[PDB]
Every structure is written in C-alpha cells, then in structure tokens.
Ligand SMILES: Nc1ncnc2c1ncn2[C@@H]1O[C@H](COP(=O)(O)OP(=O)(O)O)[C@@H](O)[C@H]1O
Ligand SMILES: Nc1ncnc2c1ncn2[C@@H]1O[C@H](COP(=O)(O)OP(=O)(O)O)[C@@H](O)[C@H]1O
C-alpha cells in the first residue's frame, strides 16, 4: 500500500497543480543525466533548502510529462517518498522494514520505469541507521529502482562518511543558491501565483527589491524562498489592509460622531446667539462633508477593491487558460490549443488591460485607486523587511553608493580624527563594493594603536554605518586562541569527538551575520597555529568548520586589532603618525606575522593619537550621543559641559594610555550621578539646565539640582 | 549511444589525468557512463540536431494553430502562419530522416545488442556441453545456432554502416566525439 503515502509527482504534474520551475534547467538536465547513467544512476540534490530542489525534481517530472526526456527516463513515473510511509504507516519497530519492502516489491515489479525520491536523504538511516530503508535499498539497488535523494551539503558529507555504501550508488549533484537576478526571474515566474493568491498587484521593482532585501535582511535564509517569503508576507500585509481598512473608515465615522456632538453643544448654549463662536456654520460644513463622504469611503475603497478583484480574476483566468491550453498542447490537442490558447490571447489581454484601466490614473498620478492594492517595492516590501529587521528609514534608504560617497564624512562624525584610517577603510570597502576587488576576499584591516584610540570603536561604527547596526560585530578573544584551539572557536570541536554543536560563537554567529565585521581583539596574542587557521579563513572566505560543515563567508569585513606597535605610538611624537614611528610598527608586525598573513590584509592602518585636539570634540559628541541613545522624549538635555567640564574630562578623564576609555566612564559616572540626584529631588520635571562648580576631578563637575 | 573508439582511449587518459582519486577501471567508466549519459541527454528527442529542430517545429506548430484560429486569423498579421507552416514542414522533412535514421539504426543497434548476448549464451551452453564431452548438445548450439546470430550481426552492422567521421553512418552516435564530448 505504498500508494497511501507515495506521491506520484509525475501524475500531479500531468494535472499541473505545481509551481513552475525557473532557473534550474541545467540541474534538471544533470539529474536526468544521472538517471540516464547505466550504473551510477541515483542522483542527489546536494545543497541548501529553500532553493528549488523540489522544483528540480518536479522539473524533471515536467520534462517527463512533456516528452522532453530520453526514452530511458521518458516513460518514468516519479514518486515522492516520506517518513510517513515507514513511520506513521508503521508504528512498530519492524514495520518500517515492511513498509519499505512493500515499496520495493510494488515498485520493482511494475510499470517498467519508476523513479522514487527522498528530499531528506539524511532521514533514511536516521540516528542508529536501523535499516531505515538504507540497507534494503542497496539490497535491490542493482534492480533498477532508480532514486534521487537530497540534503544540505554539510549533512551530505556527513552521510557519506557515516554510511559509505550509498556513495557507490548515489551521485551527488551540487546545487546552489541562485543569483539575485536569477532570483528575480524566479520571482517573476512565481509572481502570478501570489498575484492570484492574494489578489494584490506586484510591482516588478518590488520583486527586485525582495531579492535585494533578502541579501542583507534575511541573510541566513536562502534567497529564493526568502525573497518569496518577503513577497508572500508583503502581499499578505497589503491584503490584510485591503480587506479591512478600519483606520480610515472607522476613524472618519467616529469623527462624524464627534463633530455632531460639538455642533449640538454650540447650537444650544449661552454663546449660541453670540458673536463668540459664530463659526458654528463651519462645523456644520464638516458634519455635512462627513455625512456624504463616509459611505463613499467604504464604497469607493470597495470599488477600488472590486477593480482589483476583477483584475486578479482576469490574471487568474489567464493562468488557468494557459494551464489548460498548454496541457492541451502537451497532449497534442492542437485543436483545443488553437481555440483555447487563442481565446486566451485577446480575452485576457483586453480583459486585463481594461481592468488595469479601472485602476486608472489621476492627473497627478498613475493609479487612481488610493488604497494601492499592490506590493510597492520599498513602501511595502522594504517596509516589511524593516518590520522584520528594524531601523526602517536607514534600511529603506539604502543605496550602496550614497553610503560610500559620504562614508568617511559620516564616519568622521562618529570617530574623531584618524580620518586616514577612515578613508583607508572606506576605500577598501569601496573596492569590495562594486566588485572591483576579487570577491574571494572582503576588505580587511589591521588596526594599530592604543586602547581608547577608537580602533574597535571605529570598526563598530563602520559596521554601524555599513549594516545600519553596530552590534553586527563578531568579536574574537584572540588571547584565548591557544594551541588547544577548536571547541569554542570557529573551527569547533572536530566531528567524531564530543560536540557537534560547535563554534557557535563564530561559525553560527557569522552564519547569522554574514553582513558584518569579524574582529580580532589583540590578534598578535593569537597562537601561531591559529593564526594560520584564521589566515586561510582571512582570505578565501569559504570557511569550513572542524565538523566538515561549510560556513561560507565572503562579504564579512575582517578587522584585526593590535597593540603590537604600541611602543612606537607611545613616542607621542604629535598626533599624526610619523615616519620611522610607523616603520617600527611595520617592523614589529612583520616579525610577528608571516608576510603571507600580512599580504592578505587589505590594509594595515595606524591610528593617530587622538590627543587633546580630538577629545575636544569627542567628549562633546559622546555626551550628545549618550543623551540621544539614552532616551527619547521624556528627558531633554542642554548638555552644556561648559568649557570647564570639557576640560575636566580632557584633563582627568582622557588618558594617554587608556585614551577615551576613561572619558566615557567618567562622563557617564558624573553625569549620571548628578542626574540621578536631581531626579531624586523630584523638583525636576522636564527640559534642562547644566553647570559646573569648582583629587583628580576634585571639582566633580557639579551640575544644579 | 554509439561511441567513437578513440573516445575510450581518451577517456582513460582523461580520467587518470583529471579525476584525481578515482580509480581507472571505474573512473574511466565514470567518464564513459557520464558522458554517455551526457549524450543521451543531449540528444533528447532521438539524436542531437533533431531535438532542437523538433523544438522549433513544436513552438511553430503551436504558434500556427493559435494564429489559425483568431480574431484576425485572415489578416497577413496572423496568416503568416502559412510560412511558419512551411518551416514546420521543412523541419519535419529533416526531422523525420533524423528520427528514421536514428530509429532504424537503433533497431539494428538493439538487434546487435541482443544478437551478441544470444551469441554468448549459445557459446556458454555449447562450452558446458563440450567440457562434458556432450558433442550433441554443443552441436545443437553450434549448427545453425551461432551461424544465425553471427550472420545477424554481420548483416546488422553493415546496415548500420560506419564512416570515418563516426561510429554509426546513420544517426545512433548522436555525433558523440571522443575528446570533445
Ligand atoms: N525557480 C523555482 N521554481 C520553483 N520553486 C523554487 C524555485 N526556486 C526556489 N524554489 C523553492 O524551493 C522550494 C522547494 O525546493 P527546496 O526548498 O529546495 O526543497 P525543500 O522543500 O526540501 O526545501 C519551494 O518552496 C520553491 O518555492
Ligand atoms: N569618537 C571617537 N573617536 C575615537 N575613539 C573613540 C571615539 N569614541 C570612543 N572612542 C573610544 O575607542 C574605544 C573603543 O575602541 P578601542 O579603543 O579600540 O577599545 P578597546 O581597546 O577596549 O578595544 C572606546 O573606549 C571609545 O571610548
């Protein structure tokens, strides 16, 4: 009774009822190719989920369906296999065997050409193996019973290593996440299914932005479904608003009720017969306007909706007319194709065109309909992504280039001085951007200078700037990168030893944050063995863990920080780094890192000493930022440090060893302490006044309370 | 898929040369099996050349029929389907010979397939007979049985025929080319 679980996908394809397959034509051919092999003919689709593996299998079916497959496979019937067949359909330890043997018998003995498939090949075997199909199939594997499997490459590798024997039967086919442009084409191919499902028009630019967004917004989900997820969700958003619309409709009915109350109050009161408030007639104009407007808002919006419903159904009609016309062509019924395919042409073109004309236009805009009822690229999808990811405007405004154009400017606002560091970074970043750099390796930098210099701050600010999120940064505790390196580190414990869920700190965090910066805290303290590990992974971003699991990085900016040249910067020969001083640094770097390492760094950057000139600005800046990030609209500060607190901060706070590190702490301590005190006075309600009253910091600033 | 002999020569060379860890007796076959499949796929609808032209034919056939029955089917806008039909037919006239050459040769190919298998079966059984000194059984499997299969093979190979350009003068090679494919 395999027929109770197995799904004859070939038949479903004969009936359509499947999404079209876009962009995998070669994978399909490859699959077919493998199936066509006389010996090695059991392919697997190996790679990530959400990228059309099913579609490929179905694509094969579709070619079988349309006689676009060599005879050997042309007559084949493709069946989805499932856990349910052996588990749900068994519920006893050995009934898994019986259910599978059922399949093997029924299939081996009938209909000549049958292909089975498992979209979860790892599922077979399972933990403990238990001959969960996995041996029985080899037992009869010479007896045709062609089958295609599939899994995440990382697991595939593990499966090969775990089982071995199926390797002699199965042909992995590498599949991969499609490009953005391919994705858009896919989205376009699937667009009508959403159009129809939701009854929402989709802008072509919207599809484009969905893909663009998936690449920075849903960075760990696979692009094609992810973009589709954005589409589906976005469409749902629109549809929900569309079929409800209470914000305008209910608010305005409530506004009518309120103006009616005002009018009656004005009509019968002491001032009703006076000059005072003789503007009552205008309230009546509002009431009358609403009395006439409100039902038309409900009806007009529904008229817009109806235009979109009819439009949707016209588009649906086309999909259906073609699904049947094309099936007629498939079945060689050229008479129906001549009639039906034909009718579809002016039917849908004239119907849809005029239904689009119902949406119409106004003198000031295309689309007279005010409820939009479509997916608007950024207004809908990017907005949706923002609803899924945060910081709407900066995310909405992303354009690559505007950031790159003003990047150093903006960064110099965040980071004071060391503009050359900023420019250096910006430049390398610009090369990473626009694809000028070789894509195998992201820009990467070695930040040299003292604690409190901003090396890390900047790197975070850059992440801030580039990803609109400073906390994208992944930190690496380099001094802990000992000769024992593996377990809590990117490599992770080698598979086969206890730990599979390894290196989450870096492998997974990076998986979740590809669009980030990886930063090495005092990289010179890393053990040399580890340095070679990161080196191979420094460039050649295609990182693979000790579990054999590929991480795959490219984009991630990599920044190393170092105090190695601290002695040279400690010369304090002005702020700006001087000749010789910098060379001593280079020397030390060359001693510590093999040039091979260094050669992979896009740039080695030496930060200047911030000195007093920078902190004159930094303390002002940080103080303001502290307020701004600290609170929103219940605390409103003057933050006027006056020259005296600025000087105190510079004099006692700023350190030539610890840089701004103590400035931050100091500012926070003293301001927060004064703030808390006056808050406790509770004679304190809103706005602000600040001031200064005259060992280290004996003045203690002292603001009014 | 018939394959030019030099292919095999090159396959083994290529396998050793480029399929690092795979062993020759099997990896060479992997190139064969894969490339055979390559061709088997490439040929799609019977031999190569034909497939592509059939795809043109079918796209044309549909266009013509859609054009045939339309609001403006009688306008030269759509009536151009008659010229499209000349193309459909012209393709059909090339496609048929490609199909027929492939198919009749295929038939011969299958007859060769079976004949050779049958030849081996007769000899296997005849050997069983001779090792037992059973000349009667060996004779039953050698007199007529064997002359029949051998002559079928010779006739079939001649009908298939071969050219310097290809191991199959008609179409069942799908133009597979040693090193190129
Ligand atoms: N071009 C495409 N055509 C149809 N589906 C696609 C395409 N590209 C990606 N997909 C998606 O891949 C999914 C099915 O394949 P896949 O995700 O790899 O299988 P699985 O369901 O195991 O994840 C579908 O949800 C489908 O939307
Ligand atoms: N605007 C700024 N310009 C330069 N440095 C800054 C600025 N603001 C803060 N910093 C300091 O840089 C430090 C973080 O970077 P870094 O000096 O490398 O720190 P750490 O040595 O702890 O890793 C913080 O202590 C921070 O106060």
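We number chain A the same way Swiss-Prot does; the residues here are 166-859, 872-882, in that order.
Backbone N, Cα and C atoms are what each Cβ position is placed from, and that goes for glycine too.
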Candidate ranges A:756-772, A:773-789, A:790-806 [criterion: Swiss-Prot lists as motif 'Nuclear localization signal']: A:773-789
Feature phosphoserine, as given in Swiss-Prot - residue among A:306, A:577, A:599: A:306
Annotated residue, phosphoserine, per Swiss-Prot; candidates A:206, A:391, A:597, A:647: A:206
Candidate set A:535, A:609, A:653, A:820, annotation phosphoserine, source Swiss-Prot, matching residue: A:535
Which of A:206, A:535, A:616, A:618, A:621, all recorded positions, has a Cβ with the fewest other Cβ atoms inside 10 Å: A:535
Distance [Cα-Cα, Å, rounded] between residue A:617 (ATP 2 binding site) and residue A:206 (phosphoserine): 62
Pairwise CA distance, residue A:306 (phosphoserine) versus residue A:621 (ATP 2 binding site), rounded so that it is a whole Å: 58
Neighbour tally for residue A:617 (ATP 2 binding site), based on other Cβ positions within 10 Å of its Cβ: 21
Residue pair residue A:621 (ATP 2 binding site), residue A:535 (phosphoserine) - Cα distance, angstrom, rounded: 49
Cα separation, residue A:442 (ubiquitin cross-link) to residue A:618 (ATP 2 binding site) (Å, whole number): 65
Residue A:535 (phosphoserine) and residue A:619 (ATP 2 binding site), Cα-Cα, nearest whole angstrom: 50
CB-centroid shell, 8 A cutoff, ATP 2 site A:614, A:615, A:616, A:617, A:618, A:619, A:620, A:621, site residues removed: A:612, A:622, A:726, A:772, A:824
Contacting recorded positions for ligand 2, chosen from A:306, A:442, A:614, A:616, A:621 when the Cβ sits under 6 angstroms of any of its atoms: A:616, A:621
